[PDB]
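Taking it in order: structure first as structure tokens, then the write-up.
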């Protein structure tokens, strides 16, 4: 076995979002909810991909705590991760799995 990859992040960047969870799923949409980590937050990167492929991304407001990704393919395995951002850079992600 090899050790796990470390997420390299700038000192001063935020902790991961807390309590990340999927709060609604339809055959073409996924709603995420979370809580802000401590300190200044300037935004959140919401990243997602069909498991195994290429990652899409949307950045949402620092004041946001829920967001719905629409236009997804039915019956599909997805991976989502959310990273908090501030002036020092982006922090480590918290991730969840979903299927539509």
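Heads up, the Cβs are rebuilt from the backbone with ideal geometry, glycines too, and the neighbour counts pull from every protein chain shown. Laboratory data are not the source of any read-out in this text; all were calculated from the coordinates shown.
Taking 7 Å along the Cα-to-C-beta vector as the label spot, tell me the residue 97-residue 55 distance in nanometres, rounded to one decimal.
Here the modelled spin labels are 1.8 nm apart.
Over the chain, calculate the relative contact order: mean separation of alpha carbon pairs under 8 Å at least 6 apart, over the residue count, as a percent.
36 percent
If the convex hull of the alpha-carbon atoms of the range 41-81 is projected onto planes in all directions, what is the mean projected area in square nanometres?
That works out to 3.1 nm², a quarter of the Cα hull's surface.
I want to make sure I understand the PRE zone here: with the label point 7 angstrom from the Cα of residue 5 toward its beta carbon, which residues in the range 26-65 have backbone N atoms less than 13 Å away?
Flagged as within label range: 52-55.
Select from 72, 20, 32 the residue whose mean-square fluctuation is largest in a Gaussian network model of the chain (Cα-Cα springs shorter than 10 Å).
72
Taking only Cα atoms of the chain, what ratio of Rg to Rh do you get with Rh as the Kirkwood inverse-distance radius?
Ratio of gyration radius to Kirkwood radius: 0.99.
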